[PDB]
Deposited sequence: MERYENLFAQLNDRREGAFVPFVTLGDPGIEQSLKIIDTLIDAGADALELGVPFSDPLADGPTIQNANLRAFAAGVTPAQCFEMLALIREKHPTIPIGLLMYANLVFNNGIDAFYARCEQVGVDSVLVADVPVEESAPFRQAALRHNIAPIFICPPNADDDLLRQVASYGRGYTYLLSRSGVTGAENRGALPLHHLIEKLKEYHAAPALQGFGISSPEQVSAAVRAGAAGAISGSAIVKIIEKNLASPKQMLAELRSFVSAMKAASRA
């Protein structure tokens, strides 16, 4: 119960969670692994990881390019699962969540996918292009393999959706900051946050557009159990492709700043 233990501990220390996001294999397998260890050493409470997909329709340019880079390095889903195994072997308690696109999950069989997630130590799975309306087979497979199915609570969510997300979700609730696709440049909820807690929904993590410490503190202050940052992280990766050393340094610096803001 990695998520349950994290939020319990965080609650005691009265702090929110900072969850960085990166695409596995960007810019390469080895460097991606170091990048993730740095994110954890820098202060990451949990991880949100993506698997390169040919058509990431919920992602803006930053993460699109992250996917392209991973593809240039020949990164495949199989290699992503080998990486997840290694990451879990080095960090036994950090909660690991995957952000997937439906075809990759459906490809070799939905159940087989979640069976593999369980085998490598994954804690949750969010399928970006599978709304609650199409979630049955995915949420069911997840639960059968002790994987928490993650659901998104959009800013335009009505009561029926709040309730569905509350009962179907496990681990954490992905609280969308805004409409649109992923992107750090686009910056985006107290009421929604309250309703979720009313319906006993898994703890809420805010995502999309979160790229500054100020935004982290704001989310926590508003009631959110934490925040997720992807594009902002990925941007540091692409700007430092030439200097891997300065890349990690810049990343550690940024993550620490984002995490401190959650205290």
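**Q** Give the ranges of the deposited sequence, numbered from 1, for which the structure holds no C-alpha coordinates, in sequence order.
**A** Several regions go unmodelled: 1, 190 to 192, 268.
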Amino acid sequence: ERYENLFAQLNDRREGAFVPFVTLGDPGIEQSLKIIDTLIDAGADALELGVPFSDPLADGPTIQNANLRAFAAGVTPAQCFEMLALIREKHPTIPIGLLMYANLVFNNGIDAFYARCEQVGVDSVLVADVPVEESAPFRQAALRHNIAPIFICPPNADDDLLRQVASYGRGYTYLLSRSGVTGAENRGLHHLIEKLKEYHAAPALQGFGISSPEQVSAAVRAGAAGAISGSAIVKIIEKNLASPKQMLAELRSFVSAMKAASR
From here on, numbers count along this sequence of modelled residues.
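In this text, rigid core is short for the largest set of C-alphas that superpose within 1.5 Å between two forms.
**Q** On a core superposition, give the stretch, 50 to 58 or 203 to 211, with the larger average C-alpha separation from this form in 8 other deposited structures of this protein (RMS over structures and residues).
**A** Per-stretch check in 8 other deposited structures of this protein: the more divergent one is 50 to 58.
**Q** Please determine whether residue 135 lacks coordinates in at least a third of the other PDB entries of this protein that model its flanking residues.
**A** In none of the comparable entries (those modelling both sides of it) is residue 135 left without coordinates.
**Q** At least a third of the other compared entries lacking residue 116?
**A** It is not, since residue 116 is included in all of the other entries that model both flanking stretches.
**Q** Mean CA temperature factor from the deposited coordinates, higher in 70 to 78 or in 105 to 113?
**A** It is 70 to 78.
**Q** May I ask you to compare 164 to 172 and 133 to 141 by their mean CA B factor in the entry and name the higher one?
**A** Here the higher of the two C-alpha B-factor means belongs to 164 to 172.
**Q** Quick one: which of 218, 58, 204, 46 shows the highest Cα temperature factor in the PDB entry?
**A** Spelled out: the listed residue with the top C-alpha B-factor is 218.
**Q** Pull the Cα B-factor of residue 212 out of the PDB entry and bin it into the chain's lowest, middle or highest third.
**A** According to the entry, residue 212 has a C-alpha B-factor in the chain's highest third.
**Q** For the chain shown, is the CA B-factor of residue 183 in the lowest, middle or highest third of its modelled residues?
**A** CA B-factor rank for residue 183: middle third.
**Q** Going by the recorded CA B-factors, say which third of the chain residue 158 sits in, lowest, middle or highest.
**A** Answer is highest: the recorded C-alpha B-factor places it there.
**Q** Lowest, middle or highest third: where is residue 223 by C-alpha B factor in its chain?
**A** Highest third, going by the recorded CA B-factors of the chain.
**Q** Split into thirds by Cα B-factor across the chain's modelled residues, where does residue 83 land: lowest, middle or highest?
**A** Middle third of the chain for residue 83's C-alpha B-factor.
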